[PDB]
Amino acid sequence: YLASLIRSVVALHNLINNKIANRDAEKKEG
Amino acid sequence: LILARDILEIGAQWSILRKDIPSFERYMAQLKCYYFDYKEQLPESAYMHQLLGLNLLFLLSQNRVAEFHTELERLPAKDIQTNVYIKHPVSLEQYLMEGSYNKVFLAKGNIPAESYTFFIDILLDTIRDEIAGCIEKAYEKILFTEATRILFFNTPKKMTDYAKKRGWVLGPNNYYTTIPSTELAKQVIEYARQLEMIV
Amino acid sequence: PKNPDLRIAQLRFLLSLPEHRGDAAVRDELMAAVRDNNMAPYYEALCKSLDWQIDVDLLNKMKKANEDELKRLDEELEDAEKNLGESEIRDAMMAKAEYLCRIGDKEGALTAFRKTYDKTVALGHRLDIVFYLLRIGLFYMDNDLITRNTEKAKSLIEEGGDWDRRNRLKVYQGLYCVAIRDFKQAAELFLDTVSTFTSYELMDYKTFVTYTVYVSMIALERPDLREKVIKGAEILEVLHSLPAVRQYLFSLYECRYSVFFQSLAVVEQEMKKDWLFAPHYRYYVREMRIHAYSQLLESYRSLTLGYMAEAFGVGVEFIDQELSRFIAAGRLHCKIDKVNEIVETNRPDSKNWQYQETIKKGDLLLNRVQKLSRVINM
Amino acid sequence: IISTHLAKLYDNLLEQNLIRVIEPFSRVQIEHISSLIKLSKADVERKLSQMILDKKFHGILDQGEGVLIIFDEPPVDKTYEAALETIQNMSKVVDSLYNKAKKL
Amino acid sequence: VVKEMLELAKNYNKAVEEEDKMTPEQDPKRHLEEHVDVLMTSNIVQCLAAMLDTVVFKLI
Amino acid sequence: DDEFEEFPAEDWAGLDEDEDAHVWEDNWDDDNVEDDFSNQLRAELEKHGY
Amino acid sequence: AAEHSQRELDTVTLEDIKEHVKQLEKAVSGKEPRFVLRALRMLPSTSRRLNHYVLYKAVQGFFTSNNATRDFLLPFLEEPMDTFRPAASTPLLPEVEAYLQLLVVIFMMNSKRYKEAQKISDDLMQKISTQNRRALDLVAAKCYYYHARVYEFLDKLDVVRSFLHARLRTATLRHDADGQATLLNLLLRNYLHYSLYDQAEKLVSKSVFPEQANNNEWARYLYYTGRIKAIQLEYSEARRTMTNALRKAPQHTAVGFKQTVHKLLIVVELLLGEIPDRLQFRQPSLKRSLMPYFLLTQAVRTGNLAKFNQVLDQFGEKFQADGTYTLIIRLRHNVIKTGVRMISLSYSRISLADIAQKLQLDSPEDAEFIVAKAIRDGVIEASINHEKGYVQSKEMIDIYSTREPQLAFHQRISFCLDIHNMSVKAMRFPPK
């Protein structure tokens, strides 16, 4: 529970940041 | 289509008369494709509900409660509580589902037509075998006398034959883990695998 | 202004079995009428009883005479003079609280008090309306207005003075009361405030301590509540002042369930006549039963139903019935045997309870994270 | 001021007697402890119930047969105490991540 | 380690709450991550080792 | 997201008046029938003495 | 005055739809799937407006290659008398034309006109049957869904069965997900709508739903299979699936969806003996709608046959209206099992005479038979001692030191590991 759920949440947090970062990069580019 | 439907209706009621189930099912399915699904051009047969009830009771006779319930859903709602040709199925099967088997033993003679007893009898055997299974998985030890009383085998010899037919035996006084360390070890090795070998 | 609930909770709204429809309560309300003449308590009376009596208009005559006189005074001093801010206009509003609120209705005085709130600046007037329409929402059953007033008083008003909102938990004492609001914060501020009442306008101190006891024992069963309500000073003094509630509390604390049940019945009966009554009296009297039972089951592994009846009041059969309807609710962990007559308690140890709590909180978090991982990354 | 004080002292000394004895025992009949302590069955039963209810003496009473049981609660539960609170901590983290998703 | 994970997770929640009011402009996240990794390896090794000890070091 | 228009998005009639519109959330045991508390105790206790 | 606001809203919707079309083209650019669900995600919000002037301007701007497909909508389309290509004669992207035809269909649909919408949807599918591009598979899923929405109010769902079957097989061959999910959900609705529950169940068993399918389609499929197995008597899996779907159900919208799901989960639960939580009978969006089912649940928990009969006679139209009248028949016949369920949860042991007294069974043998049937199923765990009359329940052994926590934790940690792995695979770094 502890370390595995924490790792999953951390991975998801790293995911969404990229998805914003990719979205922001696209917007800066239309 | 009236001709073909009557062919299959006479054939199905003859299967009632001829007493063959494997053909009975096929007559049932084909004329179900002929009774009430998408037909709509033939006049309402006076013998629709009769065989809806017969087919439902047959389906109950071989422990097909799910399929039986689907066929119950098929027929219209105005007739479950009104049309006696299916009020006799629905009443009996409701008593079955509630567990009021004795109500079934009282109402076995409440059939609306003589073309019911043929599988009323085999329903009587279906309920008794289901009840026997229930007693076997309900009790730890069950006495000879009370078993004969509740097994619905009026002849004690019949009760003894039905007892030998199963592994559920008479009893002496007439009174009938580890750490597997492999699958869990496989689990922890799998966890390590999902941690290792990169993404 | 309008202290004794105008008896409207007990007058003709508490009829039938408690039968309070015409009695000395009628005389008390008509005394609070002939002084401070009223037709607002007659609203449900125009429909049910005391509708169109001779006195209704035989007092209407000079009630209207006096009220036009007073509002005319307020007008002429508001228009002939130009008093500003906290001024005679505020006097018109507070009179119209003693008036039209206590003449015909709140609504026009809601208009007047909102207008003077836009006019006046200080917090005393708005807290005056806070308790005015709070008690009004007790009379006419308004709650959105009351919670708006409380949020205004706390979040933004309470940056100068303080000390007044605490006794306004009465509305929360009867807002979500059947659920959490008869207690928890409804006690922790009562317990916070019981030392310093300073709000005799809303109710007498004795009734305040009775309410405090009622909310405290439901809030805290024995979570070292003795440090706050039993060992408390002012509470103990007023319990010395009120023997009935003192017995009602100490019986629970001292496990005198035989007399605690009689005290619970008595408090329930006197409880059916309050602002508290209508929402949660059923809930309070069921919950206290749960608490007393669970208190006995604790420190106990298995109990004979005979000793259950003998030491917990009475009723072997009654205790099976009540304990059954209560375990069926899932609370009061215990498993009961028949004519063997054993009541096996099955409260999980902290370890198994921790495992179950893990399963629950996990499954909730896993549901949330699964939904998140599914909406994200498609 | 002397009735209350001495009643409190009597209760406290009853407690001290009941803890200073029963240390040898793990499962002793209430009749034995009452005869060794010279109280009535009901009064000593109520006193033991009060003692356990106050968590002054760890145990539980099986009145269905009429015996007092003794045990201890292992404090290893601290790991689960940390676990659950960290669980709702990550729950609030997930809520903030949900808000960040609403940003997207 | 689970207590340290507590405190690191509280720091993570506070930092992430700040992140939302933060356009691109010691992280509790990394320290949390290596704490998770150490707990991972230690606990999984202990479980697996105990279970192999159950199997190979058997009376039979 | 699909509003599931395949399902008739059931209009709540004409958003008519509810029961009480309270914040008083209850449980399943609050809707049973009881008959006060004093009478329960006494009527159950005269069979043994009060 | 009204014309000015209408023109401004028409211009903003034209720009939004232009953004959608440009989004289709830069999705077909880059040869990638996705960024087209970014296109179709908010078609409800844009379909909210759907004025005539904006549609006509979009048609005249992005169908500069005037074809017969544009000349078929024009007869039924009402073009403004008095009234933009973002510009050469490059051939139109098939995804773009399909999307534009989709909005034309939806405008022609929301205006209560069905037959011409039927024909135009048919011609939309006749051309989409010719394309073999994955860029026209996620669009095609939503074209199929809105087409079946067009057809639903025209009461001709049966004729669509062959087409949906063929396109579902086409999707399965091409390993489509969005089209496959939409077609499977729509065809399950087709089978259940004509009460072909056996057919739908048999189709379900041999069809595997894609795990990558979008959340809402997954919720729809879960609902459909849950209804199938609930009327198929698989109550435990039924309730599990509807709880999952409600967890996947949208919180704000899908009021009708959540209402039907709540109703069927209530009946499934109390058929299994579980009592639905009262809070779901309290939200304003569900209170009065479940008020018939709320009275149902009140009668079920009270269990009095008189109030039960009055509730049935008063709300049978609602009971059948959801296809639950047979379900409520089984409900009326399982309330007794429910009663036995709380009886056994409360009591470790109970004499069958006491069972008959608390349940009004009027017979110890009747109580024996009913309790035996109930304990046959996984409702009550006990050990009946007919030597004395005990219904002694199984010893509640410690859940810890019983390997059950290990299995539950193994499943949960596997779930977290899959979540982490899928998250780390879905990082999706860009080229530049």
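### Points about the overall build of chain B
Then, number 1: A tally of helices and strands in chain B yields 11 helices and zero strands.
Then, number 2: Taken from N to C terminus, the helices and strands of chain B fall in the order α-α-α-α-α-α-α-α-α-α-α.
Then, number 3: Computed over its C-alpha atoms, the radius of gyration of chain B comes to 24 Å, more than 25% above the 16 Å expected for a compact globule of 199 residues.
Then, number 4: Counting all 199 residues of chain B, 47% fall into the buried class.
Then, number 5: If you sum the accessible surface of chain B, you get close to 10800 Å²; carbon and sulfur atoms cover 60% of it.
Then, number 6: Averaging the positions of the 23 positive and the 25 negative side-chain charges in chain B gives two centres separated by 6 Å.

### Some details on the overall build of chain G
Then, number 1: Secondary structure summary: chain G contains 20 helices and zero strands in total.
Then, number 2: Residues classed as buried in chain G amount to 54% of the 432 residues present.

### So, the nonpolar core
Then, number 1: Counting residues in hydrophobic clusters, the biggest one holds 178 residues, and the most contacted among them are C:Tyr248 and C:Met288.
Then, number 2: Of the residues forming this core, the biggest block, 10 residues, is contributed by helix α11 (residues 205-219) of chain C.
Then, number 3: Ignoring sequence-local partners within four residues, the contact set of C:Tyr248 consists of C:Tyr214, C:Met217, C:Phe260, C:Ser263, C:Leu264, C:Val267, C:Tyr284 and C:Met288.
Then, number 4: Core analysis: the second largest hydrophobic core is formed by 109 residues, G:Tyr197, G:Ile228, G:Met242 and G:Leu331 among them.

### As for the interface of chain B and chain G
Then, number 1: With 35 residues of chain B at the interface, the matching set in chain G holds 39 residues.
Then, number 2: Here chain B meets chain G over a buried area of about 3400 Å², counting both sides, of which 57% is carbon and sulfur.
Then, number 3: Ranking the residues of chain B by area buried against chain G places B:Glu73, B:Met97 and B:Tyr191 at the top, with a combined share of 17%.
Then, number 4: Here chain B is connected to chain G by two salt bridges.
Then, number 5: For G:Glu365, the salt bridge goes to B:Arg149, with nearest N and O atoms at 3.3 Å.
Then, number 6: Counting across the interface, chain B meets chain G through 18 residue pairs in polar contact.
Then, number 7: Residue assignment for the side of chain B that touches chain G shows that the elements contributing at least two residues are α4 (65-74), α6 (84-98), α8 (117-138), α9 (144-150) and α11 (183-195) of chain B.

### Here's the deal with the pattern of salt bridges
Then, number 1: Scanning all chains against the criterion turns up 56 salt bridges over all chains.
Then, number 2: Between F:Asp31 and G:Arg301 there is a salt bridge, with the nearest N and O atoms lying 3.9 Å from each other. Of the two residues, F:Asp31 is situated in the segment before α1 (38-45) and G:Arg301 in helix α15 (residues 284-302); the pairing between them involves two chains.
Then, number 3: Salt bridges linked by common partners bring F:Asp2, F:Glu6, G:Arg149, G:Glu217 and G:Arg220 together as one network.

### Topic: unusual backbone geometry
Residues and elements named next belong to chain B.
Then, number 1: Residue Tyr-38 is not a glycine yet carries a positive backbone phi of 60 degrees.
Then, number 2: Note that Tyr-38 resides in the loop between α2 (21-35) and α3 (48-61).
Then, number 3: Using a relative accessible area of 55% as the deciding quantity, one classes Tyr-38 as exposed.

### Points about α3(B)
Residues and elements named next belong to chain B.
Then, number 1: In this model α3 runs 20 Å from its N-terminal to its C-terminal C-alpha over 14 residues, within 8% of the 20 Å that 1.5 Å per residue would give.
Then, number 2: Extensive coverage of α3 is indicated by the burial of 14 of its 14 residues.
Then, number 3: Immediately beyond the C-terminal end of α3, within one or two residues, lies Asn-63, with a positive phi of roughly 60 degrees.

### Things to note about the side chain of C:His291
Residues and elements named next belong to chain C.
Then, number 1: The topology assignment puts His-291 in helix α15 (residues 277-297).
Then, number 2: On the basis of relative accessible area, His-291 is assigned to the buried category, the value being 17%.
Then, number 3: Once residues lying within four places of it in the same chain are set aside, the contact partners of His-291 are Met-217, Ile-218 and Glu-221.

### Topic: a negative patch on the surface
Then, number 1: On the surface, a cluster of negative charge is made up of C:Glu69, C:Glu75, C:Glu76 and C:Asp79.
Then, number 2: Judged by its relative accessible area of 39%, C:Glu76 is partly exposed.

### With respect to the side chain of G:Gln259
Then, number 1: Tracing the backbone through its elements, the reader meets G:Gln259 in helix α14 (residues 255-272).
Then, number 2: For G:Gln259, a relative accessible area of 2% translates into the label buried.
Then, number 3: With sequence-adjacent residues up to four places away left out, G:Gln259 is seen in contact with F:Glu10, G:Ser285, G:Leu286, G:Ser289 and G:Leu290.

### Looking at the UniProt feature "domain: PCI" in chain G
Then, number 1: Here the UniProt-annotated "domain: PCI" positions come out as residues 219-398 of chain G.
Then, number 2: Helix makes up 68% of residues 219-398 of chain G and strand 0%, and the two end C-alpha atoms of the span are 36 Å apart.

### Focus: the packing of aromatic side chains
Describing an aromatic ring pair means giving the distance of the ring centres and the angle of the ring planes.
Then, number 1: Here the structure, examined in full by the defined rule, presents 55 aromatic pairs over all chains.
Then, number 2: A ring pair is formed by B:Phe105 and B:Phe152, whose centres lie 4.3 Å apart and whose planes are at 10 degrees; its orientation type is stacked. With B:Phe105 in helix α7 (residues 101-107) and B:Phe152 in the loop between α9 and α10 (156-165), this pair connects stretches of sequence that are 47 residues apart.
Then, number 3: When the ring of C:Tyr257 is compared with that of C:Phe312, the centres are 4.1 Å apart and the planes differ by 15 degrees; the resulting orientation is stacked. On the criterion of sequence distance, the pair formed by C:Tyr257 in helix α14 (residues 257-271) and C:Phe312 in the loop between α16 (305-311) and α17 (316-327) is long-range, its members being 55 residues apart.
Then, number 4: What makes C:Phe312 buried here is its relative accessible area of 2%.
Then, number 5: Here the aromatic residues C:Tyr214, C:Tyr248, C:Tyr257, C:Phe260, C:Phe261, C:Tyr293, C:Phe312, C:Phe326 and F:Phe37 are joined through ring pairs into a cluster of three or more.
Then, number 6: We note G:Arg161 situated over the ring of G:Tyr194; from NZ or CZ to the ring centre the distance is 5.3 Å.
Then, number 7: The side chain of G:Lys358 reaches across the aromatic face of G:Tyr347, ending 3.8 Å from its centre.

Rules and cut-offs
- The residue numbers shown here are sequential, starting from 1 for each chain in the order of its written sequence. They can differ from the numbering used in the entry, and residues that have no coordinates are not displayed.
- A letter from A marks each chain and a number from 1 marks each ligand, given out in the order of writing.
- In this entry, the chains presented are a subset of a larger assembly, and the associated values cover only that subset.
- The side-chain quantities take in all heavy atoms of the structure and omit both hydrogens and water.
- By definition, any uninterrupted DSSP run of H or I lasting at least four residues is a helix, any uninterrupted run of E lasting at least two residues is a strand, and each is numbered from the N terminus.
- Radius of gyration: C-alpha atoms only; globule rule: 2.2 Å multiplied by the number of residues to the exponent 0.38.
- Only protein chains enter the accessibility calculation, which uses a 1.4 Å probe; a residue is then buried when its area is under 20% of its type maximum, exposed when over 50%, and partly exposed in between.
- Method for areas: the Shrake-Rupley scheme with a 1.4 Å probe, in which residue coverage is limited to the protein chains shown.
- Within this scheme the basic residues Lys and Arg register as positive and the acidic residues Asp and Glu register as negative, but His and the chain ends are omitted.
- One atom stands in for each charge, and that atom is NZ of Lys, CZ of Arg, CG of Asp or CD of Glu.
- By convention a nonpolar core is built from buried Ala, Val, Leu, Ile, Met, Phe, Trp, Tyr and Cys residues, the set being connected through side-chain atoms within 4.5 Å.
- Any two residues having at least one pair of non-hydrogen atoms within 4.5 Å are treated as being in contact.
- Here the quantity called buried area is the total loss of accessible area, with a 1.4 Å probe, experienced by two parts when brought into contact, counted for both.
- Every case where a carboxyl oxygen of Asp or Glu lies within 4 Å of a side-chain nitrogen of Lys or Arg is listed as a salt bridge.
- As used in this structure description, the phrase polar contact means that two N or O atoms lie within 3.5 Å; if the pair is within protein, one of them must be able to donate a hydrogen and the other to accept it, and residues adjacent in sequence are counted only when both atoms belong to side chains.
- Here a helix's expected span is defined as the number of its residues, less one, multiplied by 1.5 Å.
- To count toward a patch, a residue needs a relative accessible area over 30% and no salt bridge; like charges are then connected within 9 Å, while nonpolar side chains (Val, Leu, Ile, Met, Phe, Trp, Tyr) are connected within 5 Å.
- UniProt positions are given in the numbering used here, feature names are shortened, and annotations may be inferred rather than shown by experiment.
- Pairing of aromatic rings covers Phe, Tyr and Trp, the last through its six-membered ring, and needs centres within 6.5 Å; plane angles under 30 degrees mean stacked, over 60 mean edge-to-face, and all others mean tilted.
- By definition, being over a ring means that NZ of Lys or CZ of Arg is both within 6 Å of the ring centre and within 35 degrees of the ring normal.

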